[PDB]
Number of protein chains: 2
Amino acid sequence: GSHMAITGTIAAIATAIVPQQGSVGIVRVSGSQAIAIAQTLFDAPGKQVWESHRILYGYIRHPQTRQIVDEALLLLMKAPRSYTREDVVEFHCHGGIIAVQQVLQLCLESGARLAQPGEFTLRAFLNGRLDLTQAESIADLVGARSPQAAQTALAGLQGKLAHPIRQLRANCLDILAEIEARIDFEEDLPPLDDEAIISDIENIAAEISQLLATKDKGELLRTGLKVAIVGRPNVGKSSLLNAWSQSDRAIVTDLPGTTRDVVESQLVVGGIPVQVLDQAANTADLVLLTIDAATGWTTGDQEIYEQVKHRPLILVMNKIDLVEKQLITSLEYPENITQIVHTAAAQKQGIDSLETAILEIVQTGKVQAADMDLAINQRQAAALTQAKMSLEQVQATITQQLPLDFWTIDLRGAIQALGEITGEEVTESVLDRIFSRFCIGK
Amino acid sequence: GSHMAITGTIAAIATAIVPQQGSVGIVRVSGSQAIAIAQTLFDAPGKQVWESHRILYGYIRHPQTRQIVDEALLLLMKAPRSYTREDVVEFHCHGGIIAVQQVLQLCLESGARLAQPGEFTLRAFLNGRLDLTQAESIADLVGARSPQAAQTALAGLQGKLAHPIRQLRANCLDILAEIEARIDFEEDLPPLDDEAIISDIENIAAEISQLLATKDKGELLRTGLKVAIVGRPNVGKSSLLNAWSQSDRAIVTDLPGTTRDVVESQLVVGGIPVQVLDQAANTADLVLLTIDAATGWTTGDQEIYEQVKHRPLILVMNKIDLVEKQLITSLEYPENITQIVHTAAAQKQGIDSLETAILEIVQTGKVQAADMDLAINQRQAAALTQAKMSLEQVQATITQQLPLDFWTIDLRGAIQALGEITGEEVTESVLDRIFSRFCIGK
Ligand SMILES: Nc1nc(=O)c2c([nH]1)NC[C@@H](CNc1ccc(C(=O)N[C@@H](CCC(=O)O)C(=O)O)cc1)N2C=O
Ligand SMILES: Nc1nc(=O)c2c([nH]1)NC[C@@H](CNc1ccc(C(=O)N[C@@H](CCC(=O)O)C(=O)O)cc1)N2C=O
Ligand SMILES: Nc1nc2c(ncn2[C@@H]2O[C@H](COP(=O)(O)OP(=O)(O)O)[C@@H](O)[C@H]2O)c(=O)[nH]1
Ligand SMILES: Nc1nc2c(ncn2[C@@H]2O[C@H](COP(=O)(O)OP(=O)(O)O)[C@@H](O)[C@H]2O)c(=O)[nH]1
Ligand SMILES: [Zn+2]
Ligand SMILES: [Zn+2]
Ligand SMILES: [Zn+2]
Ligand SMILES: [Zn+2]
């Protein structure tokens, strides 16, 4: 019953862990029992100094014996100078699938409880090292699948999003203290400037409208695009992948945990993470239909076009190295298509045009409303519009000139809604949900 | 052309890395350029001390700009007090699939070269911090898929295997200096005790024979068993897995990188890692044939038995909760089977008997010749027998009583063969092959 209050000492595995990959694996412990557990588990030879921000060498051993568990490194982060602001220790094990398990188990046995998803980064927020926008954005950092998705996440982490919103809430709180002091103290204050505070709302709701503009970029860099490739057999679907993948793959270096099929399908086009799925995919945001220009449009092309035409579509005209130049514009295709691209897959050319076509079909809303790499998410934008509505709800009731009693209801609503975002005023259901979608160890 | 000589400064990703899992990911740099690269890349606020074994907080930034790449922790390991004995730095990034890539790239740009498989742990050996048996066993540690496979690997790491072999090589070198001084200095030394040194060989070849006994345990804990489950549809194959898996799974806690299907199939029986494959599997060491005791043996049972009978086989008689007690011994099955087990899969009982049957079918050679958790591998055992052969080759030529000239050839061979194991005398082809089967970052 009810988190929001730090009571125990928590431990979890802090790194990805796969059976025969990766040199090292961490186990992180945080809480008032942290150093006590490192104390009773880590054997550090030849009197090394046990201070904060000090690396130690030794052996994690006794499970009630002295039976050595790993040759490990110990990290100490004491004081409020840690991730969670609590005392933090880290065991740096070899870690296949065995050592970390063994060490974690020894932690639970020494009075640590198993941390829940996001619980480390919650305790960070709970001790006022982070606000919600920051907490949220570190999940965005490790969740990023493109260089600019990270850039956007890093901006969130850095506080670039927490600073404006907390600034705006202060403003509403200030023009709330003005109205609330007049309503209570007889004279002792000259009357309100009825149209100066319609100009203050016009300032605030303007800034929060600039933020709500980024919302689209946010959804794209976070979720990315789900792209299906359809076509007939021997048209060049697999050939299309290779060409596109080689110049657009998200993984350019060999990466221990990840399997080649995710390295192959997870790529990036003009900043947007693009994920290639494997007539079936209505789960796709955009579909690439591939026909063979060497034989031109066929009946098999028509039918699978009939299945996918309701979804955003790009016709990929493959094997143009086989048609001669003068006859390219002569090639037949159903007239409703507005996005056609000629590619020579085996020759690895055309993917530059494919990119332009994919970016084009996306920038019909506003992908050219982008300013910098700061972008809010769904939940943040949800609370911002609701703060905007409630804010111009007051922007109406002061032109009607009701008494100060019927101004204060809606202003509070705006302050509370902005309080949701940074987290000075959040329901615990909202709070639990935020951290529940974090992975374990985070 | 030719490793075996440290020239550059190397960098690689030291942890497993999967797209949306694991709180942190390391990038390790080692060499004379290590600290210089941390210098020019890690922004550490408010003058923190830059000493060895010190944890630093800050921001990995400029790619020729100042553009922040991650909020990271820096680890410094200077002097010969490191993994590789060189100067070692570690960047501890957030790491999804983006941050570590970004940081590694910035390392290559600052004069680091990308480390090759095992190259860190080779440089450790190359600077005499480890012998080959130890180097080999750290790959065994992260490669282990059972608690005792780790225990065995840790023994190797600890030096429990390097100590005896280097001891034995010294002995051969000593009884080589005795013979070689007599052959060269006129008198100046009383003649050899011809049957004292047949007793010395009887001591050495005895100890190296005790080691060669473990070879079997070694192969089992390293490779483990590949077990296939065959049967007809609706017999209880999937039901068998669950029951067996729940009390024998190798992963008892939630582990970021690994997928449920590897958590499900990778289990352990009496110490041996057992991997469950998915009429087809001759790639299996042991097969479990499952029939349905409720309907008894069928014709479909017979045919798939005809496919798998040449492989070691255990008949799993499933659904015994449906046959009544007196009629169990009455159930018909082909007479050549010597290993039958009754299981009630849905009721989760029988897996204790299955274990006993699986251990039984394996301990026909010598799995009860085991003493402790020290066990040599294929390559080590290969060089040991060859040292043994060459050692009793001398154990013959001194009973024939040839001159001291025709003793020295074979003794050297034994010393050289034992020199292969710890690594004081290795071909570079052997050396390259050893580290080539390590994963990257290791
Ligand atoms: N090994 C490792 N463990 C982790 O828990 C971890 C990494 N690496 N890499 C990134 C880091 C997240 N970043 C942080 C954030 C704050 C502090 C910290 O000590 N708190 C102080 C700063 C110290 C100072 O100013 O001197 C603070 O008050 O913010 C440390 C690391 N992180 C988690 O993913
Ligand atoms: N973060 C991290 N990085 C690593 O490279 C690493 C881990 N963890 N965990 C286990 C460790 C392998 N173990 C070692 C071995 C030797 C030293 C070392 O500093 N060498 C000295 C010991 C220092 C002393 O005696 O005070 C030596 O001479 O052996 C450090 C870690 N290892 C890699 O997988
Ligand atoms: N000339 C030419 N041949 C191609 C091109 N793309 C694919 N092919 C050939 O067409 C065959 C079928 O391609 P494939 O990728 O397997 O099509 P899929 O079955 O839809 O995956 C392959 O043998 C390729 O060599 C192209 O752009 N030009
Ligand atoms: N009474 C009984 N029923 C079982 C047992 N094992 C499996 N079943 C039932 O038999 C059905 C088929 O089992 P299943 O695991 O799917 O067999 P598979 O098709 O070979 O994978 C399931 O619906 C189970 O409920 C058992 O030990 N006892
Ligand atoms: Zn194909
Ligand atoms: Zn036509
Ligand atoms: Zn089945
Ligand atoms: Zn019969």
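The values are calculated or read from the model by the stated rules, or taken from the named source; nothing here is a laboratory result. Note that we place each Cβ from the backbone using ideal geometry, even for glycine, and neighbour counts take in every protein chain shown.
What to note about this one:
- Check on B:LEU240, in contact with a helix residue (DSSP H, G or I) (Cβ under 9 Å, 6 or more places away or on another chain), more than 16 Å from ligand 5 (Cβ to nearest atom) and either outside any helix (DSSP H, G or I) or within 14 Å of chain A (Cβ to nearest Cβ) (or both): no
- Just one of the listed residues (A:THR253, A:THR283) is away from ligand 5 (no atom under 16 Å from the Cβ), within 30 Å of B:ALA14 (Cα to Cα) and either in a helix (DSSP H, G or I) or not basic (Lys, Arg) (or both), and it is A:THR253.
- Restricting B:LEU108, B:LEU114 to residues that are within 8 Å of chain A (Cβ to nearest Cβ), surrounded by fewer than 24 Cβ atoms within 10 Å (Cβ to Cβ), aliphatic (A, V, I, L, M) and farther than 30 Å from B:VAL394 by Cα narrows the list to B:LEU114.
- Taken over the stretch B:86-97, the criterion of being among the charged types (D, E, K, R) and either within 16 Å of ligand 7 (Cβ to nearest atom) or in contact with a helix residue (DSSP H, G or I) (Cβ under 7 Å, 6 or more places away or on another chain) (or both) is satisfied by B:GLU86, B:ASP87.
Yes/no per residue for (1) touching a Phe, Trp or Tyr at 6+ places or on another chain (Cβ under 9 Å); (2) farther than 20 Å from A:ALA14 by Cα:
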residue	(1), (2)
A:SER30	yes, no
A:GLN33	no, no
A:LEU41	yes, no
A:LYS47	no, yes
A:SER52	no, no
A:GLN64	no, yes
A:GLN67	no, yes
A:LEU73	yes, no
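- Filter result (within 11 Å of chain B (Cβ to nearest Cβ) and surrounded by fewer than 19 Cβ atoms within 10 Å (Cβ to Cβ)) within the stretch A:79-94: A:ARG81
- Single residue of the stretch B:328-347 satisfying the filter (over 19 Å from B:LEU359 (Cα atoms) and within 16 Å of ligand 7 (Cβ to nearest atom)) that is surrounded by the most Cβ atoms within 10 Å (Cβ to Cβ): B:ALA345
- Taken over the stretch B:131-153, residues that are touching an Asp or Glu at 6+ places or on another chain (Cβ under 9 Å) and of a type in the set (A, V, I, L, M) amount to 6.
- Selection of the stretch A:16-32 for residues being more than 7 Å from chain B (Cβ to nearest Cβ) and small (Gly, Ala, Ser) yields A:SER30, A:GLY31, A:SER32.
- Note on the stretch A:5-15: among residues that are at the interface with another protein chain (Cβ under 7 Å from one of its Cβ atoms) and not small (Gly, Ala, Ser), the one that is surrounded by the fewest Cβ atoms within 10 Å (Cβ to Cβ) is A:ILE13.
- Number of residues in the stretch A:392-420 that are surrounded by fewer than 16 Cβ atoms within 10 Å (Cβ to Cβ) and outside any helix (DSSP H, G or I): the value is 5.
- Verdict on B:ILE201 being in contact with a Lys or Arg (Cβ under 7 Å, 6 or more places away or on another chain) and assigned to a helix (DSSP H, G or I): no
- Single residue of the stretch A:128-156 satisfying the filter (surrounded by fewer than 23 Cβ atoms within 10 Å (Cβ to Cβ) and not in a helix (DSSP H, G or I)) that is nearest to the other protein chains (Cβ to nearest Cβ): A:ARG129
- Counted residues, the stretch A:238-258 - those being surrounded by fewer than 19 Cβ atoms within 10 Å (Cβ to Cβ) and aliphatic (A, V, I, L, M): 2
- Subset of the stretch B:200-237 that is within 14 Å of another protein chain (Cβ to nearest Cβ) and buried (at least 20 other Cβ atoms within 10 Å of the Cβ) - its residue that is farthest from ligand 4 (Cβ to nearest atom): B:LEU221
- Matching residues, the stretch B:1-28, being β-branched (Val, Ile, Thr) and farther than 30 Å from A:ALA11 by Cβ: B:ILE6, B:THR7, B:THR9, B:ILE10
- Filter pass, B:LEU267 being within 14 Å of another protein chain (Cβ to nearest Cβ) and either over 24 Å from the mean Cα position of the chain (by Cα) or crowded, with 21+ Cβ neighbours inside 10 Å (or both): yes
- Test: B:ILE351 is under 30 Å from A:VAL69 (Cα atoms), surrounded by 16 or more Cβ atoms within 10 Å (Cβ to Cβ), in contact with an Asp or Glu (Cβ under 9 Å, 6 or more places away or on another chain) and not assigned by CATH to the domain that holds B:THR427: yes
- The stretch A:83-127 - residue that is more than 16 Å from ligand 1 (Cβ to nearest atom), outside any helix (DSSP H, G or I) and hydrophobic (A, V, I, L, M, F, W, C) and, of those, farthest from A:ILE434 (Cα to Cα): A:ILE98
- Residue among A:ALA294, A:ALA281 that is under 23 Å from B:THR259 (Cβ atoms), in contact with a strand residue (DSSP E or B) (Cβ under 9 Å, 6 or more places away or on another chain), more than 14 Å from every other protein chain (Cβ to nearest Cβ) and small (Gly, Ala, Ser): A:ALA281
- Taken together, the criteria exclude B:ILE229 from residues that are part of a helix (DSSP H, G or I) and more than 16 Å from ligand 2 (Cβ to nearest atom).
- Residues that are more than 21 Å from B:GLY143 (Cβ to Cβ) and either in the same structural domain as B:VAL89 (by CATH) or among the β-branched types (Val, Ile, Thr) (or both), drawn from the stretch B:405-442: B:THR408, B:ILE409, B:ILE415, B:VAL426, B:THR427
- Comparison of A:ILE60, A:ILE55, A:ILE68, A:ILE35 shows that the only residue that is away from chain B (no Cβ under 11 Å) and under 27 Å from B:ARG28 (Cα atoms) is A:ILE35.
- For the condition among the basic types (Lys, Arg) and more than 30 Å from A:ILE13 (Cβ to Cβ), A:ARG145 does not qualify.
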